[PDB]
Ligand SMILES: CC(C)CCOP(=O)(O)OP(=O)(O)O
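Just one chain follows, in the form solved without this ligand, and it is written as structure tokens.
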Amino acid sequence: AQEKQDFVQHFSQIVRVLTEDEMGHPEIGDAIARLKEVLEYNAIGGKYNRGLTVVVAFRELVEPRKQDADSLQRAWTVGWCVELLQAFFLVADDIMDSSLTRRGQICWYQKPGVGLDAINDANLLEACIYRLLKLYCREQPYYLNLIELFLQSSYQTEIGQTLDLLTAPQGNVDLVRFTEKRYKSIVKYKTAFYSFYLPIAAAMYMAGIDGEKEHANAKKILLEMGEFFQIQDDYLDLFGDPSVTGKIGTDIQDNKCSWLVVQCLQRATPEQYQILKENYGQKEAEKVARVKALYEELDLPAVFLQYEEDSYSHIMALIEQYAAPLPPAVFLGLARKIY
């Protein structure tokens, strides 16, 4: 896009401000050096889809007369705050899941000499958000709105992550917990709210669009798009092409409440339920092959393609009905890239 350029470049000033700006407090140098390393390792390396969304939406939503360099700089900073929310979640999630890599890189907590100290580094990444907001936006009228937005997004992501941990406890294989309401509930709180609501809502407040109806309306579209994003992600984990996706999938081995397995449990005969009690969550490849096979027997990819078409119409209907007074392009830009 026309913006990715400026977005990554501005990370350097984000880092300058967060480290240079306690330079008149030398006794904390050594911890501020470490915060620089946490930031650099964890905030950089993604695609920045969520950060950039804030910027794109800011550009589509704020009257061009009010888009000076200072404004823009604030929008780039809020974008980065979304990225940092992200980095915080991911560093913590990787520790909890005992992950090895992320973005095909070694997980921060696995780096020699980091280990569980990453719990504190993860907290710091979260703290940094509110530092940047204060530094860049304290005089703006949407300041407190943004602060509350970021805290509510965290709470919701956390409540979502609880549901996820209660549903899929590693070692307590119980496919009984994997219902569709549960599934949709986890996605909503854990993924959709911060991934699809947070960034558009942030741009909105920056634009002065702060009414509860406007936000209720954007939220309806965006949680629905988040649910599709994640279902598509579950589907693609197994049936995607790794070269295209950049991802080699392991949902089955990791015991996930994937959409695929919810669907499968709704469509299994008892023999199949047991075939799935037998192979769900084994590293061994033939056990994994066996589950995939079961998924294909029951035409789950045809189910997915059907779901993908229905949901596309549904989102477009939602847009026609709830976008206004926002430009529909704000939503459709995102629909086009996810679909």
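One-based numbering along the sequence shown. We call the rigid core whatever largest set of C-alpha positions still superposes within 1.5 Å between the two forms.
With 100 to 108 and 77 to 85 compared on mean CA B-factor from the PDB entry, the stretch scoring higher is 100 to 108. The question of which stretch, 155 to 163 or 241 to 249, has the higher mean Cα B factor is settled in favour of 241 to 249. Each of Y280, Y41, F58, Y312 has a CA temperature factor in the record; the biggest one is found at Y280. Across the options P141, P199, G226, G171, the residue with the most elevated CA B-factor in the record is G171. When the modelled residues of the chain are ordered by their C-alpha B factor, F178 lands in the highest third. The entry lists a Cα temperature factor for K292 that places it in the highest third of the chain's modelled residues. Ranked against the other modelled residues of its chain, the C-alpha B-factor of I28 as given in the entry falls in the middle third. Sort the modelled residues of the chain by CA B factor and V187 lands in the lowest third.
Per-chain ranking of the deposited C-alpha B factor places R267 in the highest third.
Not on display, but discussed next: the form solved in complex with this ligand.
For this ligand in the bound PDB entry, the listed stretch (100 to 108, 173 to 181, 261 to 269, 131 to 139) containing residues with heavy atoms inside 4.5 Å is 100 to 108. Three-residue candidate spot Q86, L90 and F229; every residue lies within 4.5 angstroms of this ligand in the bound PDB entry by at least one non-hydrogen atom. The closest non-hydrogen atom of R50 lies within 4.5 Å of this ligand in the bound PDB entry. Remark: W76 does not count among the residues lining this ligand in the bound PDB entry, judged by a heavy atom distance of 4.5 Å or less. In the bound PDB entry, this ligand sits beyond 4.5 Å of every heavy atom of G29.
By the criterion of a heavy atom within 4.5 Å, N145 is excluded from the residues contacting this ligand in the bound PDB entry. Along 185 to 215, a non-hydrogen atom within 4.5 Å of this ligand in the bound PDB entry is carried by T191, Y194, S195, in order along the sequence.
The rigid-core alignment places the CA of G160 less than 2 Å apart between this form and the one not shown.
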